[PDB]
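This report concerns only the one structure given below.
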Protein chains: 2
Amino acid sequence: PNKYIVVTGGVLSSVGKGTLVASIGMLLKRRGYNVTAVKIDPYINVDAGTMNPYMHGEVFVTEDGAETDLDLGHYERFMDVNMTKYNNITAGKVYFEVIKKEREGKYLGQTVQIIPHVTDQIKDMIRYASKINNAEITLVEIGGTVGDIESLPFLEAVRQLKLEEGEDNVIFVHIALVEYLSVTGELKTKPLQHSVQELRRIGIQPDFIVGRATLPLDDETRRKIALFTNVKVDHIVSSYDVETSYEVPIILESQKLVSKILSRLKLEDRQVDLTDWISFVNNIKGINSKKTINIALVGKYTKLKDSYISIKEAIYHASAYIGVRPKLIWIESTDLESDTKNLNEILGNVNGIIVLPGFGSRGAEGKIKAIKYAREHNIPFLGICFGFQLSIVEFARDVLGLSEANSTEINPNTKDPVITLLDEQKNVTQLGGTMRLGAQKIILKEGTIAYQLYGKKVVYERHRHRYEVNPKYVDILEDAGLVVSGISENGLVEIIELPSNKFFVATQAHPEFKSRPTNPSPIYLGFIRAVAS
Amino acid sequence: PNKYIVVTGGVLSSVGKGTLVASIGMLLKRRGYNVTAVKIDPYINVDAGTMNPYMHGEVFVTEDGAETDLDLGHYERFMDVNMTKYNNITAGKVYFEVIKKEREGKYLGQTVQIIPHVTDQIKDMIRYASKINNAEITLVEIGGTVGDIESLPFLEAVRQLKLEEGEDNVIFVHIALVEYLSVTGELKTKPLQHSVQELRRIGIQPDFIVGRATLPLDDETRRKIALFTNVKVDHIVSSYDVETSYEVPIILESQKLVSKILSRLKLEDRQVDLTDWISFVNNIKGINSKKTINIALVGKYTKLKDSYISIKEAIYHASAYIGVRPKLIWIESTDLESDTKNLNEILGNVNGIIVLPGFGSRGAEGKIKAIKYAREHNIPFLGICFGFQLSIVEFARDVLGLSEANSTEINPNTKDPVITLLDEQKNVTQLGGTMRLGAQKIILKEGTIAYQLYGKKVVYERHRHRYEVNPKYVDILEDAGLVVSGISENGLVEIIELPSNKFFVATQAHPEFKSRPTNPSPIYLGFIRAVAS
């Protein structure tokens, strides 16, 4: 029926797990062939919407409002597709489903076990992601270390998928970190011979191999591992360090890995033109760069590579599109928390400022000062989510003059709950508000920066927030010069702006999730143009 | 502070897992020691309440209303304790709890995993069973096959359990099926070597072996598995076929297993008297039997050993007590559905008839005929659960002449719903009724067989049913001769009887769950006394 490429290994992000699947996806898509990607996470969390972006990375949001693993973000950007809740499978969800069906007697008195009941849920979920996304081919990216307990049910599941569907429709691509000894030049097989066995032990035979390394693999090395892994030298392929993830697809066709792949399934097609992707890439490397802009980004977890991967990638798409070289100045919001130590030299240099999503109160003054600074010194500024909310707070305590304005999230007790939880229609409540998630509608006001940026009245961005602008405060804020240029169908404020400034925009939503290399977020476009002057 | 004996292996019932554990238990308790036993079922069902007793066996019921693995029944019968919901730990319940706690953000933004979140949950549950029961020693019986997926997390948890508290507080008894090849006399170690291999991979070193075999183990064959498994011969011990599992403690005391164990755990006591138990065993084996009595058991699943294990044991306990030898005549109830094929011969020989629990409708008529027959020929009869409900029916459509009388479970359309679901007071309803579970008060009527059997007015039996006697029909059922000797706190009919017969008693509850070697169910005592005249 369908085809299936199963990928394992990774075990890290330095290894390129997600991008390789995304790359492979993109190359198939250009060949007429319909494709979809699916990521499996063998952890117990039902989904990613309670997970700390620290230690774990950004939480991606699909158009349908699922909170997922960032890997779907790689998929969306590379294959230019909309993901769904079904493209991210977690042990958490599977276990929940099986337990619920048992409790409902849907198993008719059987004793429900891993095999086959759990393994069957996995296959139903894989196969379902195939049919609802209309795919002839389906990548299944399997997280974790092969041979870890958590991985077994998913490995066994795909081993079975191979007995059922046949070798002419199910293949495995494994990703191994080659790394020559610290002081010898000879490679450490130990992890690598440790893997191939665990796969055989679980009953899986790799067809293609991707060795991850700084530098391509010599002729020798590749013939060596070819042995341990029992794979044909013809089918081992290289993943070497590279200046941008977007190159990955191009190094893969220079090796034709997807050609080898397609045959191995018994399909046929060719003549892919990347010229359009190729130029996008060269624009990413700074080639024919018209300038260099510094953007300060202010939040926490800033040392984590993937904590804000989508904002970062959206900055790249906007820049690359208008030919400009982004330089990112990450600033921990605490390093700003000093009525002492001044900052008109820390951000005197940057040509634009962004206050990051993500809440609590860890560094909310640092973030608020950075905003005050952007607004007062007319530095182009973009507010996202918690950032947008601190704009309301900053504007109210400084321009409006409410010294006590705050979010109830930070101080549930403030005299002026300028940001707060709301109920479906009343609207103020310390209940538990209404969490907005996914693609939602935003009605732009004509004449504003927002309307211009989008070039139309009605648009959509993905949401992931619960704290809203208090409606009681809206009007006196407008009177103080703040403009609501965006509201929800039911009147919640979506986009604020200050026309008095060259570029001052904030938004509850996350437009970065929609950014594509060939289709940058419009919000991020306006910001990056303003920034670049 | 707590000692733990972890018991692995016995991939099934004939291998003796349940009883071995149960025997070691009872032998400990007879010494100074506070002891409990815990059964782990690596399956995904949350509890045993949804399960078909075919394939899997009889569902046990605790005093507390838990629906559980039948192994808790062995623990009760052998050690003479009431078990709790905590003494049956399921993979279904662990995952349910962990997942729920995650969805509750109890894991504070962490990515929740098998290790350590699942293994922690399991440890918590094992530890909790210990303390709520108040044990200094806790037997942890781990079902399934060592080295299978569903088992890992529990094996991993018991490894951690050890490296934590010490080699002096946590030991491993592994049960291996010793089975010499078909035609050569030498033993097939293949599965055995494969198991001690699956344990080291998991990092578990067995301390004692128990080789399950037909005959005791010779000097040669035990010495050998001692090597394969790296265990001192002095710590290998034989489990061989015996007439009754109640013999197992005895053969373990001969081999002094529990004495070898007590040391390896650095504890000291002794002088145990089994004289009271030896005698009970001899009665069970029929030594000095006063006569043999034939009992028919009518129901379904009669070909599986453990589908009604507790009903049998209750029969054995009462028979042994009054010094008589029971022979059970298993009768599929379909073998009696026959407007031909008369029966004053199939049942002509039996002096006792019990109609079995287990609803549905498969062989409902056969069970009904059986009930007509014992009532009419005055064969002492015991009806139980769906048996009781059928008695009520038979009585209706025959003596009381209501040809359409029936339970709503068998035909919700019947003209006379003499048995049906009832809502929380009212009481007639086809909603979903009110499920009765575990120990429950029953008020006995004075001057009845039931009152006589208990020698008191207020008593408890464990329940497991929803379909009750329709209150409307009570009053006429009574006038036609039926006696209600038992009702609930709120007037639901619990026990009935027909004083016109020498013994014809049916009860909603399951009195067999409480029966002990020393302390027979008063209901089973009565029945067996009546049967034997």
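Identifiers in the structure tokens: chain A, B, ... in order shown; residue index from 1 per chain; ligand index from 1 in order shown.
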
* Asked: So which residues of range 40-111 of chain A fall under helix (DSSP H, G or I) by DSSP, listed as a ChimeraX atom specification?
  -> /A:71-79,85-87,91-103

* From a DSSP calculation on the backbone, collect every residue of range 115-277 of chain B in strand (DSSP E) and output the set as a PyMOL selection string. => chain B and resi 137-142+170-177+208-213+236-240

* Find the spatial neighbours of residue 230 in chain B, counting only C-alpha atoms, within a cut-off of 9 Å - ignore same-chain residues fewer than 5 positions away - and output them as a list in words. =>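 So the residues in contact are residues 196, 205, 206, 207 and 225 of chain B.
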
* Taking only C-alpha atoms into account, report as a ChimeraX atom specification which residues of chain B lie within 6 Å of chain A. => /B:43-45,50-52,109-110,112-113

Skip residue 470 in chain B itself and residues of its chain fewer than 4 positions away, then list as a PDB file with N, CA, C and O atoms, in the first residue's frame all residues within 12 Å of it, counting only C-alpha atoms.
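Final file, selection21.pdb:
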ATOM      1  N   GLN B 389     -28.844 -16.032  40.890  1.00  0.00           N
ATOM      2  CA  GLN B 389     -29.774 -15.341  39.992  1.00  0.00           C
ATOM      3  C   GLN B 389     -30.596 -16.326  39.152  1.00  0.00           C
ATOM      4  O   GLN B 389     -31.761 -16.077  38.857  1.00  0.00           O
ATOM      5  N   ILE B 392     -33.251 -18.058  41.359  1.00  0.00           N
ATOM      6  CA  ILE B 392     -34.385 -17.160  41.481  1.00  0.00           C
ATOM      7  C   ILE B 392     -35.278 -17.273  40.257  1.00  0.00           C
ATOM      8  O   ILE B 392     -36.492 -17.156  40.354  1.00  0.00           O
ATOM      9  N   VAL B 393     -34.672 -17.502  39.100  1.00  0.00           N
ATOM     10  CA  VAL B 393     -35.441 -17.569  37.868  1.00  0.00           C
ATOM     11  C   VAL B 393     -36.181 -18.891  37.829  1.00  0.00           C
ATOM     12  O   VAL B 393     -37.396 -18.935  37.647  1.00  0.00           O
ATOM     13  N   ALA B 396     -39.071 -18.970  39.834  1.00  0.00           N
ATOM     14  CA  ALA B 396     -40.146 -18.198  39.249  1.00  0.00           C
ATOM     15  C   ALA B 396     -40.920 -18.965  38.175  1.00  0.00           C
ATOM     16  O   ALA B 396     -42.134 -19.190  38.315  1.00  0.00           O
ATOM     17  N   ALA B 405     -40.228 -15.475  33.144  1.00  0.00           N
ATOM     18  CA  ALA B 405     -39.264 -14.984  34.124  1.00  0.00           C
ATOM     19  C   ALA B 405     -37.830 -15.139  33.619  1.00  0.00           C
ATOM     20  O   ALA B 405     -37.489 -16.145  33.001  1.00  0.00           O
ATOM     21  N   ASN B 406     -36.991 -14.142  33.890  1.00  0.00           N
ATOM     22  CA  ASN B 406     -35.597 -14.157  33.441  1.00  0.00           C
ATOM     23  C   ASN B 406     -34.839 -12.950  33.969  1.00  0.00           C
ATOM     24  O   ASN B 406     -35.446 -12.002  34.475  1.00  0.00           O
ATOM     25  N   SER B 407     -33.512 -12.982  33.863  1.00  0.00           N
ATOM     26  CA  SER B 407     -32.713 -11.784  34.117  1.00  0.00           C
ATOM     27  C   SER B 407     -32.723 -10.904  32.881  1.00  0.00           C
ATOM     28  O   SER B 407     -32.771 -11.406  31.755  1.00  0.00           O
ATOM     29  N   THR B 408     -32.659  -9.592  33.099  1.00  0.00           N
ATOM     30  CA  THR B 408     -32.551  -8.632  32.004  1.00  0.00           C
ATOM     31  C   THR B 408     -31.225  -8.760  31.242  1.00  0.00           C
ATOM     32  O   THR B 408     -31.132  -8.328  30.097  1.00  0.00           O
ATOM     33  N   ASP B 416     -41.223 -10.733  32.642  1.00  0.00           N
ATOM     34  CA  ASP B 416     -40.953 -10.712  34.072  1.00  0.00           C
ATOM     35  C   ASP B 416     -39.461 -10.594  34.352  1.00  0.00           C
ATOM     36  O   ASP B 416     -38.764 -11.618  34.422  1.00  0.00           O
ATOM     37  N   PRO B 417     -38.959  -9.342  34.481  1.00  0.00           N
ATOM     38  CA  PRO B 417     -37.583  -9.047  34.923  1.00  0.00           C
ATOM     39  C   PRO B 417     -37.435  -9.308  36.435  1.00  0.00           C
ATOM     40  O   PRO B 417     -37.436  -8.404  37.267  1.00  0.00           O
ATOM     41  N   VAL B 418     -37.356 -10.588  36.762  1.00  0.00           N
ATOM     42  CA  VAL B 418     -37.261 -11.030  38.126  1.00  0.00           C
ATOM     43  C   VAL B 418     -35.827 -10.797  38.611  1.00  0.00           C
ATOM     44  O   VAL B 418     -35.558 -10.659  39.810  1.00  0.00           O
ATOM     45  N   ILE B 419     -34.908 -10.741  37.656  1.00  0.00           N
ATOM     46  CA  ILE B 419     -33.535 -10.350  37.924  1.00  0.00           C
ATOM     47  C   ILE B 419     -33.167  -9.227  36.976  1.00  0.00           C
ATOM     48  O   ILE B 419     -33.314  -9.362  35.761  1.00  0.00           O
ATOM     49  N   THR B 420     -32.662  -8.131  37.524  1.00  0.00           N
ATOM     50  CA  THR B 420     -32.354  -6.965  36.711  1.00  0.00           C
ATOM     51  C   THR B 420     -31.393  -6.013  37.410  1.00  0.00           C
ATOM     52  O   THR B 420     -31.068  -6.180  38.583  1.00  0.00           O
ATOM     53  N   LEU B 421     -30.929  -5.014  36.675  1.00  0.00           N
ATOM     54  CA  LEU B 421     -30.158  -3.944  37.277  1.00  0.00           C
ATOM     55  C   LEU B 421     -31.111  -2.991  37.997  1.00  0.00           C
ATOM     56  O   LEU B 421     -32.286  -2.879  37.633  1.00  0.00           O
ATOM     57  N   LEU B 422     -30.601  -2.311  39.022  1.00  0.00           N
ATOM     58  CA  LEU B 422     -31.395  -1.371  39.816  1.00  0.00           C
ATOM     59  C   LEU B 422     -30.504  -0.168  40.114  1.00  0.00           C
ATOM     60  O   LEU B 422     -29.322  -0.335  40.412  1.00  0.00           O
ATOM     61  N   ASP B 423     -31.051   1.042  40.040  1.00  0.00           N
ATOM     62  CA  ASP B 423     -30.240   2.230  40.321  1.00  0.00           C
ATOM     63  C   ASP B 423     -30.066   2.473  41.824  1.00  0.00           C
ATOM     64  O   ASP B 423     -30.695   1.804  42.644  1.00  0.00           O
ATOM     65  N   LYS B 426     -34.676   3.243  44.259  1.00  0.00           N
ATOM     66  CA  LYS B 426     -35.807   3.652  43.400  1.00  0.00           C
ATOM     67  C   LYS B 426     -36.868   2.568  43.098  1.00  0.00           C
ATOM     68  O   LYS B 426     -38.060   2.791  43.322  1.00  0.00           O
ATOM     69  N   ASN B 427     -36.447   1.417  42.569  1.00  0.00           N
ATOM     70  CA  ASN B 427     -35.045   1.145  42.264  1.00  0.00           C
ATOM     71  C   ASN B 427     -34.864   0.630  40.837  1.00  0.00           C
ATOM     72  O   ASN B 427     -33.744   0.561  40.339  1.00  0.00           O
ATOM     73  N   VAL B 428     -35.971   0.289  40.182  1.00  0.00           N
ATOM     74  CA  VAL B 428     -35.947  -0.279  38.835  1.00  0.00           C
ATOM     75  C   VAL B 428     -35.267   0.640  37.817  1.00  0.00           C
ATOM     76  O   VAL B 428     -35.584   1.828  37.739  1.00  0.00           O
ATOM     77  N   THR B 429     -34.344   0.083  37.031  1.00  0.00           N
ATOM     78  CA  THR B 429     -33.599   0.860  36.030  1.00  0.00           C
ATOM     79  C   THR B 429     -32.777  -0.007  35.069  1.00  0.00           C
ATOM     80  O   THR B 429     -32.312  -1.085  35.428  1.00  0.00           O
ATOM     81  N   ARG B 466     -23.807  -7.175  39.796  1.00  0.00           N
ATOM     82  CA  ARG B 466     -24.624  -5.987  39.561  1.00  0.00           C
ATOM     83  C   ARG B 466     -26.127  -6.301  39.434  1.00  0.00           C
ATOM     84  O   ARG B 466     -26.968  -5.513  39.866  1.00  0.00           O
ATOM     85  N   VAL B 474     -40.321 -10.145  45.222  1.00  0.00           N
ATOM     86  CA  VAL B 474     -39.915 -10.765  46.483  1.00  0.00           C
ATOM     87  C   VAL B 474     -41.099 -11.402  47.205  1.00  0.00           C
ATOM     88  O   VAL B 474     -41.123 -12.603  47.460  1.00  0.00           O
ATOM     89  N   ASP B 475     -42.082 -10.570  47.510  1.00  0.00           N
ATOM     90  CA  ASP B 475     -43.198 -10.928  48.363  1.00  0.00           C
ATOM     91  C   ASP B 475     -43.952 -12.176  47.898  1.00  0.00           C
ATOM     92  O   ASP B 475     -44.369 -12.987  48.723  1.00  0.00           O
ATOM     93  N   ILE B 476     -44.101 -12.352  46.589  1.00  0.00           N
ATOM     94  CA  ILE B 476     -44.764 -13.549  46.077  1.00  0.00           C
ATOM     95  C   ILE B 476     -43.834 -14.763  45.996  1.00  0.00           C
ATOM     96  O   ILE B 476     -44.288 -15.916  46.100  1.00  0.00           O
ATOM     97  N   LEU B 477     -42.542 -14.494  45.799  1.00  0.00           N
ATOM     98  CA  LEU B 477     -41.521 -15.528  45.835  1.00  0.00           C
ATOM     99  C   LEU B 477     -41.543 -16.167  47.209  1.00  0.00           C
ATOM    100  O   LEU B 477     -41.446 -17.383  47.350  1.00  0.00           O
ATOM    101  N   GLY B 491     -31.449  -3.805  52.193  1.00  0.00           N
ATOM    102  CA  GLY B 491     -32.580  -4.642  51.836  1.00  0.00           C
ATOM    103  C   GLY B 491     -32.548  -5.321  50.482  1.00  0.00           C
ATOM    104  O   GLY B 491     -33.582  -5.750  49.970  1.00  0.00           O
ATOM    105  N   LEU B 492     -31.369  -5.413  49.884  1.00  0.00           N
ATOM    106  CA  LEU B 492     -31.234  -6.229  48.690  1.00  0.00           C
ATOM    107  C   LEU B 492     -31.083  -7.686  49.097  1.00  0.00           C
ATOM    108  O   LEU B 492     -30.373  -8.005  50.050  1.00  0.00           O
ATOM    109  N   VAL B 493     -31.757  -8.573  48.382  1.00  0.00           N
ATOM    110  CA  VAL B 493     -31.682  -9.990  48.706  1.00  0.00           C
ATOM    111  C   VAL B 493     -30.317 -10.578  48.387  1.00  0.00           C
ATOM    112  O   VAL B 493     -29.840 -10.526  47.258  1.00  0.00           O
ATOM    113  N   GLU B 494     -29.712 -11.135  49.426  1.00  0.00           N
ATOM    114  CA  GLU B 494     -28.359 -11.658  49.419  1.00  0.00           C
ATOM    115  C   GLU B 494     -28.304 -13.190  49.400  1.00  0.00           C
ATOM    116  O   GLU B 494     -27.507 -13.803  48.678  1.00  0.00           O
TER     117      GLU B 494
END

* To do: Using only C-alpha atoms, determine which residues lie at most 12 Å from residue 442 in chain B, disregarding the query and same-chain residues fewer than 2 positions distant; provide the list as a VMD selection string.
  => chain B and resid 439 to 440 444 to 445 450 to 451 454 456 to 463 484 to 495 507 to 509 511

* To do: Could you give me, as JSON, numbers by chain, the residues within 6 Å of range 178-182 of chain B, counting only C-alpha atoms and dropping anything in the same chain fewer than 3 positions from it?
  => {"B": [185, 186, 187, 188, 211, 212, 213]}

Just N, CA and C atoms for this one: save the residues we selected as a short mmCIF file (atom, residue, chain, number, x, y, z; two decimals), in the first residue's frame.
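For reference, result_21.cif as written:
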data_model
loop_
_atom_site.label_atom_id
_atom_site.label_comp_id
_atom_site.auth_asym_id
_atom_site.auth_seq_id
_atom_site.Cartn_x
_atom_site.Cartn_y
_atom_site.Cartn_z
N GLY B 185 17.64 -38.78 28.20
CA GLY B 185 17.82 -38.66 29.64
C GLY B 185 18.51 -37.39 30.11
N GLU B 186 19.36 -36.81 29.26
CA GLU B 186 20.03 -35.55 29.59
C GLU B 186 19.07 -34.38 29.39
N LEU B 187 19.25 -33.33 30.19
CA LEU B 187 18.28 -32.23 30.27
C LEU B 187 18.48 -31.14 29.22
N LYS B 188 17.37 -30.63 28.69
CA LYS B 188 17.44 -29.51 27.77
C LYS B 188 17.61 -28.20 28.54
N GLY B 211 14.25 -25.67 40.85
CA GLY B 211 14.04 -26.38 39.61
C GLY B 211 12.72 -27.11 39.66
N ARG B 212 11.77 -26.67 38.85
CA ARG B 212 10.48 -27.35 38.78
C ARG B 212 10.61 -28.55 37.85
N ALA B 213 10.32 -29.73 38.38
CA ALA B 213 10.45 -30.95 37.59
C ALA B 213 9.46 -31.97 38.12
#

* To do: Would you mind listing what lies within 8 Å of range 274-290 of chain A as a list in words, with only C-alpha atoms counted and same-chain residues fewer than 4 positions away left out?
  =>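 My reading of the contact set: residues 243, 244, 246, 247, 250, 316, 320, 321, 323, 324, 325, 517 and 518 of chain A.
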
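Between CA of residue 199 in chain B and CA of residue 9 in chain B the separation is 10.4 Å.
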